[PDB]
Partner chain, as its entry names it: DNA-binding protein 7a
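Only one chain comes next, encoded as structure tokens, the form solved without its partner chain.
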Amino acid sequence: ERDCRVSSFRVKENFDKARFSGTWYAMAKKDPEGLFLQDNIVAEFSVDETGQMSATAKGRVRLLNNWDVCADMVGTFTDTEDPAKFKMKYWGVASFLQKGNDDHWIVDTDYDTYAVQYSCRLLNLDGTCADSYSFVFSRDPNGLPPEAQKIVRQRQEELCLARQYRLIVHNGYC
């Protein structure tokens, strides 16, 4: 019944980069193929005078053969015609960390409590996403209040992802 075409997904009306700046703690993640950020994931958003949004992120990543390292990542956001949809160029402060360019959508936020982010890296031929990821962010590292949690669950369902998240732990690893 429900529409899972990426082209159908609503995103945050009149998204305000300035209001979104500051520290966001990842509470939950839906992983893409070949997942990178594992847990202890914290993002820092900024906007400069030209209106350009950028971010840094810290988190544990586990490169294969199970060697744990705290990745330090950088992202810069190129605007699109939709104020809530961006292209995010990202890299690690270390050369060998994963680099790339992903769609970065702010699906919903109230700026001071919760955010829902979404990226489809690759479409299916029917317009659904073949390879997606999504972060749920909280301003408070101890988690969302119930009213926000309930809104977020609705958005997770609208993205056709609600069954597919895992919780992100924060235990000072970094």
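Shifts are known only where both forms have a C-alpha. Rigid core here is just the name for the largest C-alpha set that superposes within 1.5 Å across the two forms. Positions refer to the first chain, counted from 1.
Missing here is the form deposited with its partner chain bound; even so, the following discussion is about that form.
With its partner chain left out of view, the stretch that reaches within 4.5 Å of it through heavy atoms in the bound PDB entry is, among 48 to 56, 104 to 112, 35 to 43, 137 to 145, 35 to 43. None of the heavy atoms of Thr78 is located within 4.5 Å of its partner chain in the bound PDB entry. Its partner chain in the bound PDB entry comes within 4.5 Å of a heavy atom belonging to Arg62. Though the partner is left out of this view, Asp126 does not reach within 4.5 Å of its partner chain in the bound PDB entry, counting heavy atoms only. Looking at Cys174, you'd find a heavy atom of it within 4.5 angstroms of its partner chain in the bound PDB entry. Shown here without its partner chain, the chain has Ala94, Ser95, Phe96, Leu97, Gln98 in 83 to 110 lying with a heavy atom within 4.5 Å of that partner in the bound PDB entry. After superposing the rigid core, the Cα of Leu97 is displaced by 2 Å or more between this form and the one not shown.
After superposition on the rigid core, the Cα of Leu125 moves by less than 2 Å between this form and the one not shown. Annotation: Cα of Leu63 displaced by at least 2 Å between this form and the one not shown, core superposition.
Relative to this form, in the bound PDB entry the C-alpha atoms of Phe96 and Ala43 approach one another by 3 angstroms or more.
CA of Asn66 to CA of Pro32: farther apart by 3 Å or more in the bound PDB entry than in the shown form. Identified as moving between this form and the one not shown on the superposed core are the stretches 63 to 67, 94 to 97, each made of at least three consecutive residues whose Cα atoms shift by 2 Å or more.
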